[PDB]
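In: Quick one: experimental structure and sequence below.
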Amino acid sequence: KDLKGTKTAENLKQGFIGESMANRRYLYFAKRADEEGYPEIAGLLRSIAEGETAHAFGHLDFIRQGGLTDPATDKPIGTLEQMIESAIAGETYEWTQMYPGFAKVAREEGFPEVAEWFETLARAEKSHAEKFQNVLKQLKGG
Amino acid sequence: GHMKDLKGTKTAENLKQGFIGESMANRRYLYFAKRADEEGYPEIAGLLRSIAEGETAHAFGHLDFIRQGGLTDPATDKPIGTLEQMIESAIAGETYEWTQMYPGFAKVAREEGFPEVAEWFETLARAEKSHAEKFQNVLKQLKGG
Ligand SMILES: [Cl-]
Ligand SMILES: [Cl-]
Ligand code: NI
Ligand code: NI
Ligand code: NI
Ligand code: NI
Ligand code: NI
C-alpha cells in the first residue's frame, strides 16, 4: 500500500538521516583510534560502519520502492537520471544559498576561520554541480 | 583561533546542519553509484564515488570545528573530545535506537499496514542492540587500561 503521507514515510526519512550520521561519526572516531594505537577498536568502528551503510541503503530502498522522494532534496530518485537531478538540486542549494549564508553568519558572529571554511565548501559544491550537470547532459542526450 | 568558543551561536547550529547534509550526500552518492554500476555507466559511477570522498572531507571538517569549538556530537548531544567520549557517544546513539527509536518505528509501521517495513525496523533494532553491546565491551578496555 502507498507510503505517501504516512508516519512510516517520515520515519524512513529520519532513519536515513541518523544512519547517514552514524557511518560518518564512526569512521571519524576510527581515525582517532588509529592514531592512538587501538586497531581492534578502529576495526570494530569500521565494521559497524558497514552495518550502518546497509541500514541507510535499506531505508532508501523502501523510500524509492515506495515512490517517496530523496530525504535530502525532496526530489524523486527512481531512475538514474532522477538520481543525478537530485544530486544537482542539492549541490545547487548548497553553493547558491546554504553555504554562502552560513559563511555570512560566521563572519558576522566573529568566526572568520569557520567562515573561510564555509566559503571553500560553497566553491566545492559549485564544482560538484557543474560535473553532475555534464553527466545529466550525457544521459538526457543519449 | 581554532579553539574559539562556539556555544550558543547561530554558527554552532549551522555546523550541525552542515554535518547532517554532508553525511546524507555521501550516502546518497554511493547509493546512486550502484545504479550506475548495474546499468553500465562506469564514468558516472566513478564521479559519484569521487565526489562522495569530497563529502566525507566536508563532514569530517565540520566535526573538527564542532569539537574544537566546544560543541557536542550532532547525533547524540554528547561530547566527543576524547576517544572514550567518542565511544560513549556511539553507545548513547545505539541505545536510543534499540530501546526506543526503531521499536517505535516498527509499531507504527505495523499499525499503518506496512508489515514488511515493520520487520525491517525490528531487524535494525536488534542490530543496534548488538552494536551497543560490542561498543560497551571495548569501552571497558579503555577505562581499565
Ligand atoms: Cl585495540
Ligand atoms: Cl559512464
Ligand atoms: Ni544502524
Ligand atoms: Ni557536493
Ligand atoms: Ni586557531
Ligand atoms: Ni559537501
Ligand atoms: Ni548501530
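Out: Good, I have the coordinates. Numbers count the residues shown, from 1 in each chain, chains lettered A, B, ... in the order given. Ligands and ions are numbered 1, 2, ... in the order given.
In: With adjacent residues omitted, what lies nearest to the most centrally placed residue in chain A?
Out: Residue closest to the average C-alpha location in chain A (Cα atoms, centre = their mean): residue A:72, at 6.8 Å. Of all residues not flanking residue A:72 in the chain, residue B:24 sits nearest, at 4.4 Å (Cβ to Cβ, 6 or more residues apart in numbering or on different chains). All C-beta spots, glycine's among them, are computed from the backbone N, C-alpha and C.
In: Which elements pack onto the strand or helix carrying the one you found?
Out: Using DSSP states H and E, residue B:24 sits within helix B:10-39. In terms of contacts (3 or more Cβ pairs under 8 Å, 6 or more residues apart in numbering or on different chains; DSSP states H and E), helix B:10-39 is packed against helix A:7-36, helix A:39-65, helix A:80-93, helix A:99-108, helix A:112-141, helix B:42-68.
In: how far does it sit from the chain's center?
Out: 11 Å (Cα atoms, centre = their mean, to the nearest Å).
In: Let me know the outermost residue of chain A.
Out: Chain A, farthest from centre, Cα atoms, centre = their mean: residue A:37 at 30.1 Å.
In: Backbone dihedrals for that residue, please?
Out: phi 90, psi 40 (degrees, to the nearest 10).
In: got the residues of chain A near ligand 4?
Out: A:91, A:125, A:128 (Cβ under 5 Å from the ion).
In: could you list every residue that touches the first one?
Out: Shown in contact with residue A:91 (Cβ atoms under 8 Å, 6 or more residues apart in numbering or on different chains): A:125-126, A:128-129, A:132.
In: Which single one of the residues you listed is nearest to ligand 6?
Out: Nearest to ligand 6 among the contacts of residue A:91, counting by Cβ to the ion, is residue A:125 at 5.4 Å.
In: got a list of what that closest one touches?
Out: Residue A:125 neighbours (Cβ under 8 Å, 6+ apart): A:91, A:94-95, A:99.
In: Check residue A:3 too.
Out: Contact partners of residue A:3, counting by Cβ under 8 Å, 6+ apart, are A:9, A:12, A:62-63, A:66-68, B:114, B:117.
In: now it: how far from ligand 6?
Out: From residue A:3 over to ligand 6 the distance is 28 Å, taken as Cβ to the ion, to the nearest Å.
In: from chain A, which residue is nearest to ligand 1?
Out: Counting by Cβ to the ion, chain A gets nearest ligand 1 through residue A:40, at 3.3 Å.
In: Around that residue, count how many other residues there are.
Out: 10 (other Cβ atoms under 10 Å in any protein chain shown).
In: repeat for residue A:61
Out: 13.
In: ok, back up a step: show me which of the contacts of residue A:91 neighbour ligand 3.
Out: Applying Cβ under 5 Å from the ion, the subset of the contacts of residue A:91 adjacent to ligand 3 is empty.
In: does any part of stretch A:108-118 sit near ligand 6?
Out: No: on the criterion Cβ under 5 Å from the ion, stretch A:108-118 is out of touch with ligand 6, staying 10.8 Å away.
In: Can you mark which positions in that stretch are buried?
Out: A:109, A:111, A:114-115, A:117-118 (16 or more other Cβ atoms under 10 Å in any protein chain shown).
In: Is ligand 5 within reach of it?
Out: No: interface with ligand 5: stretch A:108-118 contributes nothing (Cβ under 5 Å from the ion), its closest point being 6.5 Å away.
In: Report the backbone C-alpha coordinates of that stretch in PDB.
Out: The C-alpha trace of stretch A:108-118 is given here as PDB (Å, rounded to 0.1, in the frame of the first residue of the first chain):
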ATOM      1  CA  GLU A 108      29.100  38.400  11.400                       C
ATOM      2  CA  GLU A 109      29.500  36.400  14.700                       C
ATOM      3  CA  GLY A 110      33.200  36.800  14.700                       C
ATOM      4  CA  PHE A 111      34.400  33.400  13.400                       C
ATOM      5  CA  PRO A 112      36.500  34.200  10.300                       C
ATOM      6  CA  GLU A 113      38.100  30.800  10.100                       C
ATOM      7  CA  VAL A 114      34.800  29.000  10.100                       C
ATOM      8  CA  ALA A 115      33.500  31.500   7.500                       C
ATOM      9  CA  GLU A 116      36.500  30.700   5.300                       C
ATOM     10  CA  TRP A 117      35.700  27.000   5.600                       C
ATOM     11  CA  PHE A 118      32.100  27.600   4.500                       C
END
